[PDB]
Number of protein chains: 2
Amino acid sequence: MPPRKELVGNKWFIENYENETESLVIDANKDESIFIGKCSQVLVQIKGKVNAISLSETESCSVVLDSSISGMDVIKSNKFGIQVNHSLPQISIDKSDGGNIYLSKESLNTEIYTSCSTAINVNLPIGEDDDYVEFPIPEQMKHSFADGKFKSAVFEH
Amino acid sequence: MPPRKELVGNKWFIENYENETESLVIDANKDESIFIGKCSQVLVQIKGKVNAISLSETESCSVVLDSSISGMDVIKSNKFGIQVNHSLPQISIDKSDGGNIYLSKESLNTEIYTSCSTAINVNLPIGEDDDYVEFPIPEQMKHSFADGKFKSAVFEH
């Protein structure tokens, strides 16, 4: 499949891009949604508010965005990168290995949901001098019956 | 590779068994360890206390055991089954889809650790009349900054 970058109605499709030296810019509108799939070594830059964002089946791809009304979902993506300039309510990550997320102050409270994902780090601008601070995302859960009840918990060493 | 069922020193290896109509019985000793790999549609029955148990790369395989000193680990196993007659300290489950665990009263407090696993259920003999009660194992985690701190938690709907 050859490189695809088209707006179909209110849906943008960015697919089949390989080793892109230049940033792939999308001047989007708040009613549009972004779908990025089957891309490798590419940086997608979304300018302007959008309704939703999806990153699917990608390798070493990075996404720079302003804001997303409904959020963003990441599936089967390895070594991905996400940078939010404004904000989004949530980011879902599934079956992905390696990922680095950088949140802006406005987007500090973004919810992150993970499933079968590894090497995921979230960076918050809460260090000294606006500097980022990294938070590695835990991957295991512990489950057992105790104190009369069966409970699940995030495993922490 | 042809069917393998041999004790090498203090290590039992059960591999390459396919559609076994009969239970594969292992009369083991407390100083021995059990490794079950590359098997499909097989029920392994371990009689006697053992040091450890491993179920690796299996499909529709079930394991019946008495007790394990160090526990049991399950990796890349789908539609697996585990039944503990006595007890073990823990069971680790990784990259596995579909699994059903039945714990005895003695083994009621067994710790279960999961990683990239799905459709996992744990049954405790805590219902009425010794009857089992099923506990589906949660698969997602939620992470966010709140109340001055970034925290992770098991997602519950």
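Residues numbered from 1 in each chain as written, not as in the entry; some residues may be left out. Chains lettered and ligands numbered in written order. Heavy atoms only, no water.

Method of determination for the deposited model, per the PDB record: X-ray crystallography, at 2.30 Å resolution.

## Regarding the nonpolar core
Residues and elements named next belong to chain B. Judged by nonpolar contacts, the single largest core of 37 residues is most densely connected at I14, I34, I46, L65, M72 and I82. Elements represented by at least two residues in this core include exactly β2 (11-15), β3 (24-27), β4 (33-47), β5 (52-65), β6 (72-78), β7 (80-84), β8 (90-94) and β11 (118-124). When residues of this core are assigned to their parent elements, the largest contribution, six residues, is made by β4. Excluding residues that lie within four positions of it along the chain, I46 makes contacts with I26, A28, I34, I53, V63, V64, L65 and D66. (Core = buried A, V, L, I, M, F, W, Y, C linked by side-chain atoms within 4.5 Å. Buried < 20%, exposed > 50% of the residue type's maximum accessible area, 1.4 Å probe, protein only. Helix = DSSP H or I, 4+ residues; strand = E, 2+ residues; numbered from the N terminus. Contact = heavy atoms within 4.5 Å.)

## Quick notes on the environment of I91(A)
All names here are of chain A. Residue placement: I91 occurs in strand β8 (residues 90-94). A relative accessible area of 0% means that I91 is categorised as buried. Separated by 35 residues in the primary sequence, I91 and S56 have C-alpha atoms spaced 13 Å apart. Once you skip the residues sitting within four places of it in the chain, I91 turns out to touch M72, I82, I101, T110, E111, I112 and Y113.

## Let's talk about the state of the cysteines
Tallied over the full model, the rule gives one disulfide over all chains. In this model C116(A) forms its disulfide with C116(B); the gap between the sulfur atoms is 2.1 Å. Of note, the bridge from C116(A) to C116(B) carries an S-S torsion of about -60° and is left-handed in sense. In this pair, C116(A) is assigned in the loop between β10 (111-115) and β11 (118-124) and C116(B) in the loop between β10 (111-115) and β11, connecting two distinct chains. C39(A) takes part in no disulfide bond, and the closest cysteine sulfur to it belongs to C61(A), at a distance of 5.3 Å. (Disulfide = S-S within 2.5 Å.)

## Observations regarding the pairing of strand β6 (residues 72-78) of chain A
All names here are of chain A. The pairing of strand β5 (residues 52-65) with β6 spans six bridges and is parallel. When the bridges of β6 are listed, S56 appears paired with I75. Examined bridge by bridge, β6 and β8 share four bridges and lie parallel to one another. For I75, the partnering residue across the bridge sits in β8 and is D94. (Pairing = 2+ DSSP bridges.)

## A look at the relation of the copies chain B and chain A
When chain B is brought onto chain A, the operation consists of a screw motion whose angular component is 180° and whose axial shift is 0.0 Å, with 0.0 Å RMSD remaining. Taken together, the turn and the small shift mark the pair as related by a two-fold rotation axis. No C-alpha of chain B lies nearer the rotation axis than that of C116(B), which sits 2.1 Å from it. When the interface residues of chain B are mapped onto chain A, 100% of them are again interface residues, pointing to one common binding face. (Least-squares fit on C-alpha atoms.)

## A short note on the pattern of salt bridges
All names here are of chain A. Applying the stated rule across the entire model yields eight salt bridges over all chains. Of the charged contacts, one joins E6 and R4 as a salt bridge, the two residues approaching to 2.7 Å between their closest N and O atoms. Exposure remark for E6: the relative accessible area of 36% places this residue in the partly exposed category. Through salt bridges with shared partners, a single ionic network connects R4, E6 and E15. (Salt bridge = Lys/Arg side-chain N within 4 Å of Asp/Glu carboxyl O.)

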